[PDB]
Amino acid sequence: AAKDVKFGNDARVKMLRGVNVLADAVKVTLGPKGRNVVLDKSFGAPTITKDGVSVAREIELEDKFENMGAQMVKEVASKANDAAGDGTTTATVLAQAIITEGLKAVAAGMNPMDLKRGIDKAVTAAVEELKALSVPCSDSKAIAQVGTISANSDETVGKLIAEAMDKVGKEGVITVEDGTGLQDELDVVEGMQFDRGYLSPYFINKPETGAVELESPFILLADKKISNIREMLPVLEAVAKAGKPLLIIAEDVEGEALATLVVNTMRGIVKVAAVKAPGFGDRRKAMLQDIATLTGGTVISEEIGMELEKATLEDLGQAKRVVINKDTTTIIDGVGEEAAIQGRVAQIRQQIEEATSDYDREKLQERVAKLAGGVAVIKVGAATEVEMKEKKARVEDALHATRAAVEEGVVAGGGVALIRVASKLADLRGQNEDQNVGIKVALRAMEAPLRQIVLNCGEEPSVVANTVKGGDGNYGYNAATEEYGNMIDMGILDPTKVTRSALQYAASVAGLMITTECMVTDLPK
Amino acid sequence: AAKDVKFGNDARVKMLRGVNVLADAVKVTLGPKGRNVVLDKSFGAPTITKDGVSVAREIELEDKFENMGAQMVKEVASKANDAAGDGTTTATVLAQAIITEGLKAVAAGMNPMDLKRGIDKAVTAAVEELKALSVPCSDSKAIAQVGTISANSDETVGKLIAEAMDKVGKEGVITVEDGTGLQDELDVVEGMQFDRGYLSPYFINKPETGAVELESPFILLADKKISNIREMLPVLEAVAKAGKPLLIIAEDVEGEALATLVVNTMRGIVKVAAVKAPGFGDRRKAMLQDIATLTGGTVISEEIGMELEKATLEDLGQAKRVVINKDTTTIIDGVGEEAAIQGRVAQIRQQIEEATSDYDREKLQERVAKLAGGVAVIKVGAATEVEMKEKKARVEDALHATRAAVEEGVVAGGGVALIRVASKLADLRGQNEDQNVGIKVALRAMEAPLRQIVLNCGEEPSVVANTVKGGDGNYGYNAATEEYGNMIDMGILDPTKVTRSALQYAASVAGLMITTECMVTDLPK
Amino acid sequence: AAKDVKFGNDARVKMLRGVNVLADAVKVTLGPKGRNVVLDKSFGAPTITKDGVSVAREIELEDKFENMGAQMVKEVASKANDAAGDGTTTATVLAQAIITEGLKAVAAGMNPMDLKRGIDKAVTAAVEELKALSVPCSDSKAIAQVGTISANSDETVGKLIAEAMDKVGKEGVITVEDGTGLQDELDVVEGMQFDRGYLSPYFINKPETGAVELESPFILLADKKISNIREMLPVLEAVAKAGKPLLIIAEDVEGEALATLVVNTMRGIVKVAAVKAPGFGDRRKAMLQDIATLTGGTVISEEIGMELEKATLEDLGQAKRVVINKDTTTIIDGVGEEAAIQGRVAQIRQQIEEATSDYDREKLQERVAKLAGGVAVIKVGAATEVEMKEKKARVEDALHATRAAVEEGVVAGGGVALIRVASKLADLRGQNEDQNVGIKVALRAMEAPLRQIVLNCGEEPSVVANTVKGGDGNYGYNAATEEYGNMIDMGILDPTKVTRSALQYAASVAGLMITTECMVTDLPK
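Chains as they are written, first to last, in full-length UniProt numbering: chain A, 2 to 526; chain B, 2 to 526; chain C, 2 to 526.
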């Protein structure tokens with residue numbers, strides 16, 4: 002239909018209004034003293050939550066332009082959350098501060114491209130400063146500490162994360178499930194982990210997790226793109242008779258094919274979910290063969306000759322359980338014989354020995370690593386199902402935070418790491434006046450999270466900010482206890498990775514929006 | 002239904018407002034320092050882009066008259082894109098400048114036809130002056146240079162374009178695909194390319210490319226029009242059972258058959274692409290025989306006697322991959338035996354020997370050229386799939402720019418070539434005062450692109466324009482570094498063909514536009 | 002009546018709109034190619050003028066806040082005019098530029114007081130740099146040159162100013178007159194001048210000059226305030242019988258007395274002008290005795306004993322002609338005997354000999370100087386009354402410019418002196434970022450006059466500004482001839498004093514205005 006176009010500073014102020022609305026809605030909940038926010042369920046009582054991620058997905062304004070601004074800020078914040086596992090609120094607050102200041106400066110006839118360049122310089126300097134200020138978390142003791150801190154100060158979950166961490170090594174895979182007994186159970190079972198996302202969000206059987214958990218699902222290996230529904234109709238009938246969930250790994254899925262699969266899942270006849278083919282080319286085929294070895298399945302490739310129509314239940318693989326995250330996959334306890342898997346590992350090891358190319362050697366090494374390391378299994382243990390659910394969620398978020406900390410490090414939490422890098426970078430200068438102004442905008446905008454936390458605590462924001470900036474190291478302001486001191490000592494910690502990613506994505510979206518004039522928009526009807 | 006008509010200068014100002022909206026929307030993104038622009042999306046986050054083609058595609062105004070003005074300018078800009086491969090933003094900016102000045106002069110009580118004649122004289126003089134200012138790009142070194150600078154200064158892609166260029170000669174065919182390994186692969190396989198477009202846009206399986214990529218498709222050769230789908234039923238059943246893509250080269254395809262094939266493609270049971278049969282008469286039949294030789298198919302003609310109902314899978318040809326551009330096609334690695342192709346080449350060579358007409362001789366010579374030259378195949382090589390996609394896009398645009406440069410030449414980029422032509426043609430005079438005023442309008446409107454680029458950079462436009470006009474040769478203003486110098490030395494180059502086509506099409510649409518009075522359109526409801 | 006206020010940035014934008022209206026109205030007429038502007042006349046035809054003073058006189062806006070902004074700028078510009086004699090348009094343009102930029106910066110959350118301090122520092126540096134760039138005008142040849150160019154390039158009037166300047170010395174007094182013959186006349190008579198303005202603007206018998214010219218008036222010397230009109234009744238009757246004008250010098254004039262004299266001028270039975278008594282205390286009494294000596298009058302003081310009621314026509318002084326400027330007075334050819342004046346000069350000379358205080362010695366020396374030097378009178382000579390009036394106006398503005406140049410100096414005109422100062426002060430830095438931004442605002446605002454002059458000429462402003470900044474010395478851009486070169490050589494000159502005063506007053510009003518929040522005003526009814 003027709004499209005109203007608004008360009009100039011009117012577009013900028015409308016977009017700023019949208020970002021202001023979304024940023025207020027999110028920043029209210031920031032901090033340990035974060036205030037509650039009430040959503041609206043279509044039916045029944047409204048839900049009340051302090052979670053920035055849950056509230057953020059709800060807001061989308063009425064008038065279209067500010068809706069666009071809010072939507073893209075929300076999308077970048079969600080990208081930040083997916084990258085690390087937290088920091089949606091921090092990213093949104095940083096984006097709001099940077100954008101308010103930057104658009105205020107742009108309204109003063111200042112070169113927006115220079116503002117973007119200065120902000121980029123400031124944020125990269127802040128990122129390397131954070132890396133300098135990072136504290137290693139390789140030792141198991143700090144791993145237990147961060148696990149405890151993430152899960153609302155519970156030592157048992159941090160301990161469990163520590164033993165699983167030891168079991169599956171530094172870059173291991175850890176999955177969480179429900180255990181029958183009150184005691185927590187840990188064991189390692191051979192299983193896969195590759196980074197691919199579901200074809201459609203509608204496959205999500207558990208929307209509150211955003212994942213597809215299947216119990217004893219058959220698996221179909223395909224090196225070919227599924228084009229016609231007739232190709233996998235016989236296996237669809239076979240699995241429907243079997244009355245079990247299905248998993249489809251294929252080179253590609255066409256639009257009509259995935260539409261038909263979505264319709265079938267809505268029918269509920271078969272609990273089938275599909276995911277893209279990982280790997281690439283020959284590497285893709287080799288690791289598909291690895292999956293077949295693991296699950297006892299068989300790869301169906303056009304080049305070899307067989308077709309999906311000639312698919313039997315025996316030809317398919319199987320596993321005890323699988324989970325399809327947003328951009329991750331997990332296979333647990335493949336049926337395939339361990340001796341065959343060890344033989345495949347030996348074959349790939351010989352390939353490593355004869356490997357001459359460096360990147361192919363890296364691919365083979367990580368392939369054998371994921372093939373032999375397996376998948377850690379953590380089973381939550383308590384008395385009541387309410388504590389099952391809440392402790393499972395706590396274990397989930399603690400595991401995310403702990404792996405993020407292990408990957409990069411851990412800095413002082415509560416938003417004071419940003420304050421520290423800002424104070425460290427007080428003399429950073431750009432190539433000219435405009436870049437310098439952008440640098441100063443970024444520097445004074447990185448103070449927004451601590452100021453908002455203090456404001457939620459009810460104390461004076463600027464006083465606490467000045468007191469923190471006066472100190473050096475990791476000295477900061479405990480929001481919960483309202484006492485000063487070394488944040489690491491009192492346990493308030495955030496992974497270096499989450500803060501770095503949140504700041505980087507906030508700066509990226511800020512620079513990407515500061516330099517926009519035109520907006521095409523559907524007519525308000 | 003009823004149609005509101007508006008004529009006189011009120012129609013002209015309506016048209017000017019529409020063109021102003023579209024031109025602002027597009028020109029905001031012009032130049033290396035081009036400002037971003039956010040676009041519509043009915044669902045999810047809005048997309049952010051600096052490519053003016055998408056912005057133009059996503060523009061249409063609420064008011065009907067503004068909409069018609071914007072739409073005709075957009076159509077001419079799209080024609081400019083199709084001609085060369087770039088320069089939509091430049092064409093739109095030139096059109097906006099010429100339209101503003103010319104409509105202003107027409108409102109100043111001046112003969113519009115004389116303005117059009119003066120603009121045409123000025124633009125043809127500019128075109129020949131630009132051809133004089135062109136720099137040849139025949140040598141492989143300049144080919145590598147243009148390929149490198151086109152793809153954001155990547156030497157590897159320009160190099161690869163250079164080797165493919167050497168492989169398939171001056172007027173060879175270049176195609177891009179995805180390579181399994183990190184190394185780039187190049188090889189020549191007998192193929193084809195003829196200038197024909199898809200019957201409808203709906204065949205586009207990949208809208209972001211505007212093409213129809215099919216893997217291992219069967220081809221049906223037909224010298225007749227597709228009047229009834231009954232003839233298409235047996236082959237459709239055969240290809241549905243085969244479960245492979247289909248291609249249809251026919252003399253014509255009626256609208257009802259087009260609707261049937263559109264419905265079939267939307268169903269997804271069978272994917273099929275149709276395209277007009279090029280050549281003409283006897284030449285058309287001869288090149289269809291060539292296609293049959295290459296693909297191992299058979300030509301089905303009413304005159305010979307066989308009908309499309311009596312068509313088997315063996316009768317159809319086959320190839321490893323095909324792509325249907327907007328107005329072009331490509332066939333890669335025809336199954337047909339190379340000895341048969343060589344025999345056909347020898348037959349057409351004898352036809353060349355006995356050829357008497359110069360035109361028939363040229364047709365036969367280009368026929369043997371396109372038959373024996375084959376098709377170059379370039380496979381992108383890297384690790385990640387994300388970089389597969391981005392480097393494939395870079396290779397595509399670099400190939401387009403490189404072939405455009407080879408066809409005609411390469412001039413100073415950054416919009417300074419138009420400034421140089423303007424300075425060279427400062428004394429061009431028409432037959433009378435009105436033609437002279439039109440000439441001056443065109444001359445001062447050719448400065449719009451550089452002025453807009455400088456304005457996007459934040460510097461003073463007119464100062465830079467005057468400084469550039471002062472110099473001679475290719476001296477100008479580097480936008481990225483903000484340093485004066487020579488564009489040839491600084492690697493900021495644009496093909497002569499794209500600039501010439503953009504300027505010519507802007508002049509053509511401006512001449513058409515100025516000489517309009519009446520605007521018939523449907524009532525606003 | 003009730004009053005409404007408005008504070009914050011809304012007040013600033015209201016003031017910005019008002020000053021924008023006034024600045025547009027004034028700046029249109031700037032430069033030699035200044036565009037005309039029509040005025041309003043309640044009766045008869047409108048008057049078309051290029052003089053910015055006249056245009057600014059009638060400007061007052063509908064909205065109260067815009068009216069305040071316009072009135073503040075207009076009052077400061079009028080102060081600039083009174084200080085030097087020209088440069089109202091330059092002051093208004095500078096104020097508009099500085100205010101636009103400063104309020105734009107203040108909207109960016111920037112400390113207004115630091116902006117004021119930075120602007121003050123920048124303008125002080127500019128003033129001292131301008132003094133450094135000043136060219137002396139002491140020699141008679143340069144005096145003739147400035148007089149010639151001031152009066153639209155008429156050598157005769159500049160010559161006449163030169164001879165008068167020689168007659169009455171460097172700090173002499175010169176007064177215009179209408180000479181009967183076509184030949185220009187010059188004479189030296191015993192006169193007087195002191196810096197005092199009329200009590201009421203209503204005394205102005207010639208509003209287009211803003212002065213009070215009286216022929217053969219009877220001066221009355223008084224050392225007392227005119228509390229009651231009864232004291233003025235006998236002298237008023239005497240002068241009514243005499244049927245001649247009169248002058249009144251008194252210690253002070255009360256509101257009732259001046260209201261009564263305004264009534265008596267509206268009746269105009271007596272031609273009366275009253276001016277505040279100059280001098281101070283004993284110095285005032287001594288110089289009033291000097292006035293009595295010059296005019297043959299007598300000082301009437303309460304302390305001595307005589308009263309204003311016991312005043313005869315003989316007691317009053319007399320002179321051939323007097324003129325009361327806005328803030329100055331002139332008395333020409335006092336009737337008093339020259340021998341008595343010489344004796345008084347000698348007496349004050351022996352007072353100088355015994356004068357031990359430095360400032361008292363200065364007062365006595367300037368007193369004898371103004372007593373002995375007298376007033377020179379230049380009489381314009383032509384054939385027609387119309388050319389008499391226009392040449393009289395030319396003599397007025399020419400001698401104003403000449404005395405301004407003699408006082409301080411002469412710099413390059415056409416607004417290029419400010420450009421040169423700006424280029425010289427490109428590296429001036431403040432104490433912090435805010436003061437630096439204010440400094441840059443002032444520096445880029447000093448380019449406004451030349452830019453507006455070029456824009457009125459129809460050429461490109463910024464190109465000319467850049468070309469001028471590139472040069473050094475006095476190399477500017479001739480607006481009239483549109484040729485570059487040295488302003489001094491081509492006689493486009495402005496006094497250093499007028500440029501300095503205009504810039505200083507523009508900076509002062511800009512500082513007073515940027516730091517304004519509250520606007521208390523009467524309600525719009």
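All C-beta atoms, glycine included, are put in the ideal place defined by N, C-alpha and C.
Alpha carbons only, please: which of the options is nearest the one belonging to residue i?
i	options	result
residue 1 of chain C	C:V381, C:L426, C:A503, C:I292	The structure shown has nothing for residue 1 of chain C, since chain C only spans 2 to 526.
B:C458	B:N21, B:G19, B:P33, B:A163	B:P33
B:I220	B:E178, B:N265, B:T313, B:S151	B:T313
A:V20	A:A71, A:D64, A:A12	A:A71
B:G486	B:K327, B:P496, B:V465	B:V465
Using the Cβ count rule (16 or more neighbours within 10 Å means buried), how would you classify residue i?
i	result
C:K272	buried
C:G45	exposed
C:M114	exposed
A:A212	buried
A:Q505	buried
A:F281	buried
B:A109	exposed
C:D25	exposed
Note down the Cα distance separating residue i from residue j, rounded to an integer number of angstroms.
i	j	result
A:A260	A:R268	12 Å
B:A275	B:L309	15 Å
B:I301	B:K392	41 Å
C:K225	C:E238	20 Å
A:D435	C:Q436	15 Å
residue 1 of chain A	A:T91	Chain A is shown from 2 up to 526; residue 1 of chain A falls before or after that span and cannot be answered.
A:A152	A:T50	17 Å
A:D328	B:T385	15 Å
Provide the residue span of the beta strand (DSSP E) that contains residue i, from first to last.
i	result
B:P208	First-last for B:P208: undefined, no H or E at that position.
B:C519	519–523
C:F195	192–195
C:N487	485–487
Assuming residue i is part of the alpha helix (DSSP H), what are its boundary residues?
i	result
C:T403	386–408
C:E76	65–84
Would the C-beta of residue i count as close to the ligand MN, meaning under 7 Å from any of its heavy atoms?
i	result
B:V190	Among the ligands in the structure shown, none appear at all, so the ligand MN cannot be discussed.
| Using Cβ-Cβ distances below 7 Å, what residues of the segment 102–125 of chain A are close to chain C? | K105, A106, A108, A109, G110
| said: Under 7 Å, CB to CB, which of the residues in the segment 448–474 of chain B have a partner in chain C? | reply: Taking 7 Å as the Cβ-Cβ cut-off, the segment 448–474 of chain B approaches chain C at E461, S463, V464, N467, given in chain order.
| query | Given a limit of 9 Å on CB to CB distance, which residues of the segment 215–239 of chain A reach chain B? | reply | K226, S228, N229, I230, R231, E232
| task | Using a Cβ-Cβ cut-off of less than 7 Å, give me the residues of the segment 351–366 of chain A that come near chain B, in sequence order. | result | Cβ contacts with chain B: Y360.
| Where the segment 167–195 of chain B meets chain A: residues whose CB sits under 7 Å from a CB there | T181, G182, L183
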